[PDB]
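Comments concern the structure below.
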(Lines of atoms letter the chains of each structure in order from A; the text may use other names.)
(Lines give C-alpha, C1' and ligand atoms only; values in the text may rest on other atoms or scores of the structure.)
Protein backbone atom coordinates (compact mmCIF):
# COMPACT_ATOMS: atom_id res chain seq x y z
CA UNK A 28 0.00 0.00 0.00
CA UNK A 29 2.77 2.48 0.87
CA UNK A 30 4.31 1.53 -2.48
CA UNK A 31 1.07 2.37 -4.33
CA UNK A 32 0.65 5.69 -2.56
CA UNK A 33 4.21 6.65 -3.44
CA UNK A 34 3.45 6.08 -7.12
CA UNK A 35 0.50 8.47 -6.88
CA UNK A 36 2.68 10.97 -5.08
CA UNK A 37 5.25 10.78 -7.87
CA UNK A 38 2.60 11.88 -10.38
CA UNK A 39 1.95 14.97 -8.19
CA UNK A 40 5.67 15.74 -8.03
CA UNK A 41 6.16 16.29 -11.74
CA UNK A 42 9.42 14.32 -11.65
CA UNK A 43 11.11 11.10 -10.66
CA UNK A 44 10.75 10.04 -7.02
CA UNK A 45 12.88 7.49 -5.18
CA UNK A 46 12.11 6.34 -1.65
CA UNK A 47 13.38 3.65 0.71
CA UNK A 48 12.06 2.86 4.18
CA UNK A 49 14.03 0.48 6.35
CA UNK A 50 12.29 -0.61 9.57
CA UNK A 51 14.88 -1.66 12.10
CA UNK A 52 12.26 -3.19 14.44
CA UNK A 53 11.36 -5.84 11.90
CA UNK A 54 13.97 -5.61 9.13
CA UNK A 55 11.16 -4.93 6.64
CA UNK A 56 12.09 -2.73 3.67
CA UNK A 57 9.74 -0.74 1.49
CA UNK A 58 11.05 0.92 -1.68
CA UNK A 60 9.90 2.82 -4.71
CA UNK A 61 12.52 3.09 -7.48
CA UNK A 62 14.82 1.80 -4.75
CA UNK A 63 17.55 0.64 -7.12
CA UNK A 64 17.55 3.60 -9.52
CA UNK A 65 20.34 6.16 -9.29
CA UNK A 66 19.68 9.69 -8.07
CA UNK A 67 22.00 12.68 -7.47
CA UNK A 68 22.95 12.90 -3.82
CA UNK A 69 23.66 16.61 -3.68
CA UNK A 70 24.33 17.54 -0.04
CA UNK A 71 22.97 14.28 1.36
CA UNK A 72 26.53 12.96 0.88
CA UNK A 73 27.68 15.20 3.75
CA UNK A 74 26.27 12.73 6.28
CA UNK A 75 28.60 10.04 4.80
CA UNK A 76 31.48 12.45 4.77
CA UNK A 77 31.16 13.16 8.50
CA UNK A 78 30.98 9.40 9.12
CA UNK A 79 34.21 8.77 7.23
CA UNK A 80 35.98 11.46 9.29
CA UNK A 81 34.69 9.92 12.55
CA UNK A 82 35.86 6.47 11.40
CA UNK A 83 39.34 7.99 11.25
CA UNK A 84 38.91 9.44 14.72
CA UNK A 85 37.93 5.94 15.96
CA UNK A 86 41.18 4.52 14.48
CA UNK A 87 43.27 7.23 16.12
CA UNK A 88 44.16 8.75 12.71
CA UNK A 89 42.25 12.03 13.17
CA UNK A 90 41.28 14.24 16.15
CA UNK A 91 38.02 16.10 16.69
CA UNK A 92 39.89 19.04 18.17
CA UNK A 93 42.43 19.38 15.37
CA UNK A 94 42.36 22.90 13.91
CA UNK A 95 42.20 23.37 10.13
CA UNK A 96 43.18 26.75 8.70
CA UNK A 97 42.11 28.14 5.35
CA UNK A 98 41.81 31.38 3.36
CA UNK A 99 39.27 33.42 1.40
CA UNK A 100 40.43 31.60 -1.71
CA UNK A 101 39.06 28.36 -0.31
CA UNK A 102 35.56 29.74 0.16
CA UNK A 103 32.90 28.50 -2.27
CA UNK A 104 29.35 29.80 -2.21
CA UNK A 105 27.00 28.91 0.63
CA UNK A 106 29.48 28.85 3.45
CA UNK A 107 27.45 30.49 6.29
CA UNK A 108 29.76 29.21 9.03
CA UNK A 109 33.23 28.89 7.43
CA UNK A 110 33.21 32.40 5.95
CA UNK A 111 33.12 33.77 9.52
CA UNK A 112 36.35 31.99 10.49
CA UNK A 113 38.84 32.55 7.67
CA UNK A 114 40.87 34.32 10.37
CA UNK A 115 40.96 31.72 13.16
CA UNK A 116 40.30 28.40 11.37
CA UNK A 117 37.93 25.71 12.67
CA UNK A 118 38.28 22.35 14.33
CA UNK A 119 37.38 19.09 12.63
CA UNK A 120 34.34 18.79 14.94
CA UNK A 121 33.21 22.32 14.06
CA UNK A 122 33.54 21.60 10.35
CA UNK A 123 31.46 18.39 10.67
CA UNK A 124 28.78 20.27 12.51
CA UNK A 125 28.74 23.13 9.98
CA UNK A 126 28.64 20.70 7.05
CA UNK A 127 25.70 18.74 8.50
CA UNK A 128 23.54 21.28 10.31
CA UNK A 129 23.83 24.20 7.88
CA UNK A 130 25.10 22.35 4.81
CA UNK A 131 28.20 24.55 4.71
CA UNK A 132 29.89 23.85 1.33
CA UNK A 133 33.40 25.00 2.23
CA UNK A 134 33.35 22.87 5.36
CA UNK A 135 32.61 19.86 3.10
CA UNK A 136 35.52 20.66 0.76
CA UNK A 137 37.94 21.06 3.71
CA UNK A 138 36.87 17.74 5.21
CA UNK A 139 37.13 16.07 1.77
CA UNK A 140 40.69 17.36 1.43
CA UNK A 141 41.53 16.00 4.90
CA UNK A 142 40.16 12.59 3.75
CA UNK A 143 42.02 12.46 0.44
CA UNK A 144 39.20 13.66 -1.85
CA UNK A 145 36.03 12.17 -3.45
CA UNK A 146 37.87 8.95 -4.35
CA UNK A 147 38.84 8.41 -0.70
CA UNK A 148 35.24 8.89 0.44
CA UNK A 149 34.09 6.44 -2.23
CA UNK A 150 36.73 3.94 -1.09
CA UNK A 151 35.48 4.22 2.49
CA UNK A 152 31.95 3.35 1.27
CA UNK A 153 33.25 0.31 -0.65
CA UNK A 154 35.04 -0.81 2.49
CA UNK A 155 31.77 -0.89 4.48
CA UNK A 156 29.92 -2.82 1.83
CA UNK A 157 28.25 -0.07 -0.20
CA UNK A 158 28.98 -1.00 -3.82
CA UNK A 159 26.74 1.61 -5.36
CA UNK A 160 27.21 5.11 -3.90
CA UNK A 161 29.89 7.25 -5.56
CA UNK A 162 31.33 10.69 -5.08
CA UNK A 163 33.26 12.09 -8.03
CA UNK A 164 33.37 15.88 -7.72
CA UNK A 165 33.84 18.68 -5.16
CA UNK A 166 31.51 21.47 -4.07
CA UNK A 167 29.75 23.11 -5.77
CA UNK A 168 29.93 21.14 -9.07
CA UNK A 169 28.69 17.86 -7.57
CA UNK A 170 25.21 19.39 -7.42
CA UNK A 171 24.78 19.53 -11.24
CA UNK A 172 22.32 16.60 -11.04
CA UNK A 173 22.16 16.01 -14.79
CA UNK A 174 19.79 13.18 -15.81
CA UNK A 175 21.66 10.05 -16.93
CA UNK A 176 24.95 11.14 -15.30
CA UNK A 177 26.18 8.54 -12.75
CA UNK A 178 28.61 10.92 -11.06
CA UNK A 179 27.83 11.79 -7.44
CA UNK A 180 24.85 9.41 -7.19
CA UNK A 181 23.41 6.78 -4.83
CA UNK A 182 20.20 4.71 -4.92
CA UNK A 183 17.55 5.14 -2.27
CA UNK A 184 18.01 1.51 -1.08
CA UNK A 185 21.81 1.65 -0.95
CA UNK A 186 21.79 4.96 0.92
CA UNK A 187 19.27 3.58 3.47
CA UNK A 188 21.43 0.45 4.09
CA UNK A 189 24.60 2.52 4.39
CA UNK A 190 22.92 4.91 6.88
CA UNK A 191 21.70 1.95 8.92
CA UNK A 192 25.22 0.51 9.10
CA UNK A 193 26.83 3.82 10.11
CA UNK A 194 24.20 5.34 12.37
CA UNK A 195 22.66 2.29 13.95
CA UNK A 196 25.14 -0.54 13.44
CA UNK A 197 28.67 -1.03 14.75
CA UNK A 198 30.83 0.35 11.93
CA UNK A 199 31.42 3.42 14.14
CA UNK A 200 32.23 3.58 17.88
CA UNK A 201 29.34 4.41 20.19
CA UNK A 202 30.72 7.98 20.72
CA UNK A 203 31.04 8.59 16.99
CA UNK A 204 27.54 7.17 16.19
CA UNK A 205 25.92 9.28 18.88
CA UNK A 206 27.76 12.47 17.87
CA UNK A 207 26.74 11.99 14.24
CA UNK A 208 23.12 11.38 15.20
CA UNK A 209 23.22 14.53 17.38
CA UNK A 210 24.37 16.61 14.39
CA UNK A 211 21.55 15.19 12.22
CA UNK A 212 18.96 15.83 14.96
CA UNK A 213 20.19 19.44 15.20
CA UNK A 214 19.85 20.01 11.43
CA UNK A 215 18.61 23.52 10.65
CA UNK A 216 17.84 23.19 6.91
CA UNK A 217 15.08 20.56 6.86
CA UNK A 218 12.01 22.19 8.50
CA UNK A 219 9.96 22.25 5.29
CA UNK A 220 10.74 18.68 4.23
CA UNK A 221 10.31 15.33 6.08
CA UNK A 222 10.06 17.12 9.42
CA UNK A 223 7.01 19.08 8.25
CA UNK A 224 5.17 15.79 7.81
CA UNK A 225 5.92 14.30 11.25
CA UNK A 226 4.31 14.87 14.69
CA UNK A 227 6.27 16.99 17.16
CA UNK A 228 7.04 14.06 19.50
CA UNK A 229 8.79 12.00 16.80
CA UNK A 230 12.60 12.39 17.13
CA UNK A 231 14.17 12.98 13.69
CA UNK A 232 17.68 13.59 12.40
CA UNK A 233 18.02 14.49 8.74
CA UNK A 234 20.24 15.85 6.02
CA UNK A 235 18.87 17.69 3.00
CA UNK A 236 20.20 18.08 -0.52
CA UNK A 237 19.20 20.50 -3.23
CA UNK A 238 20.51 20.74 -6.80
CA UNK A 240 19.97 21.34 -10.49
CA UNK A 241 17.22 19.83 -12.65
CA UNK A 242 14.61 20.24 -9.90
CA UNK A 243 16.40 18.05 -7.36
CA UNK A 244 15.25 18.05 -3.75
CA UNK A 245 16.31 15.33 -1.32
CA UNK A 246 16.08 14.47 2.33
CA UNK A 247 17.55 11.47 4.23
CA UNK A 248 16.55 10.70 7.80
CA UNK A 249 16.59 8.46 10.79
CA UNK A 250 13.34 8.65 12.77
CA UNK A 251 12.32 7.37 16.24
CA UNK A 252 8.56 7.18 16.60
CA UNK A 254 7.54 7.10 20.28
CA UNK A 255 7.84 3.73 21.99
CA UNK A 256 9.64 2.18 19.05
CA UNK A 257 12.85 1.15 17.30
CA UNK A 258 13.96 3.62 14.61
CA UNK A 259 13.11 3.81 10.87
CA UNK A 260 15.58 4.97 8.15
CA UNK A 261 13.94 6.95 5.34
CA UNK A 262 15.62 8.17 2.17
CA UNK A 263 13.82 10.42 -0.28
CA UNK A 264 15.21 11.55 -3.62
CA UNK A 265 13.27 13.72 -6.04
CA UNK A 266 14.70 14.86 -9.33
CA UNK A 267 13.77 16.11 -12.81
CA UNK A 268 10.88 17.82 -11.15
CA UNK A 269 8.97 20.59 -12.93
CA UNK A 270 7.03 21.99 -9.98
CA UNK A 271 8.59 24.83 -8.00
CA UNK A 272 10.94 24.53 -5.02
CA UNK A 273 8.18 24.97 -2.40
CA UNK A 274 6.05 22.28 -4.04
CA UNK A 275 9.05 19.88 -4.12
CA UNK A 276 9.50 20.43 -0.35
CA UNK A 277 5.78 19.69 0.14
CA UNK A 278 6.21 16.41 -1.77
CA UNK A 279 8.87 15.26 0.72
CA UNK A 280 6.71 16.41 3.67
CA UNK A 281 3.90 14.21 2.26
CA UNK A 282 6.26 11.23 2.23
CA UNK A 283 6.70 11.96 5.94
CA UNK A 284 2.89 11.87 6.44
CA UNK A 285 2.66 8.55 4.56
CA UNK A 286 5.31 7.05 6.81
CA UNK A 287 3.42 8.18 9.93
CA UNK A 288 0.26 6.53 8.58
CA UNK A 289 2.17 3.34 7.82
CA UNK A 290 3.94 2.96 11.23
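In the entry's author numbering, the protein residues as written are 28 to 58, 60 to 238, 240 to 252, 254 to 290. Note that the Cβ used here is the ideal one computed from N, Cα and C, for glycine as well.
Proximal residues to residue i (C-beta, below 7 Å), its chain only, five neighbours per side dropped
i           : result
residue 109 : 102, 117, 125, 131, 133 and 134
Unbroken beta strand (DSSP E) run spanning residue i, endpoints
i           : result
residue 247 : 243–251
residue 49  : 43–50
residue 57  : 56–60
residue 261 : 259–266
residue 235 : 230–238
Boundaries (first-last residue) of the alpha helix (DSSP H) holding residue i
i           : result
residue 277 : 272–289
residue 40  : 29–40
Selected residue, minimal CA-CA separation from residue i, among the options
i           : options               : result
residue 99  : 88, 112, 89 and 50    : 112
residue 144 : 153, 208, 164 and 46  : 164
residue 273 : 243, 77 and 74        : 243
residue 48  : 105, 60 and 138       : 60
residue 288 : 267, 225, 202 and 195 : 225
residue 75  : 114, 34 and 123       : 123
residue 240 : 119, 127, 68 and 53   : 68
residue 203 : 72, 128, 79 and 266   : 79
beta-carbon residue i near the ligand ADP non-hydrogen atom, thresh 6 Å
i           : result
residue 280 : Of the ligands one can find in the structure shown there are none, so the ligand ADP has no counterpart to examine.
Proximal residues to residue i (C-beta, below 8 Å), its chain only, five neighbours per side dropped
i           : result
residue 36  : 44, 278, 281, 282 and 285
residue 177 : 65 and 161
residue 230 : 212, 250 and 251
Cβ neighbours of residue i in the same chain (closer than 6 Å, five flanking residues each side left out)
i           : result
residue 96  : 116
residue 166 : 103, 132, 135 and 136
Exercise. Please specify which runs of the alpha helix (DSSP H), each continuous and at least 4 residues long, are wholly inside the stretch 175–220, giving them in chain order.
Key: List check, alpha helix (DSSP H) in window: 183–190 and 201–212.
Quiz item: Taking one C-beta from the stretch 209–219 and one from the stretch 152–160 each time, how about it: are there three or more such pairs within less than 8 Å?
Solution: no
Quiz item: If you pair each beta-carbon of the stretch 80–92 with each one of the stretch 255–273, do three or more pairs fall below 8 Å?
Solution: no
Self-check item: Complete runs of the alpha helix (DSSP H) confined to the stretch 74–132 [at least 4 residues]
Solution: 119–128
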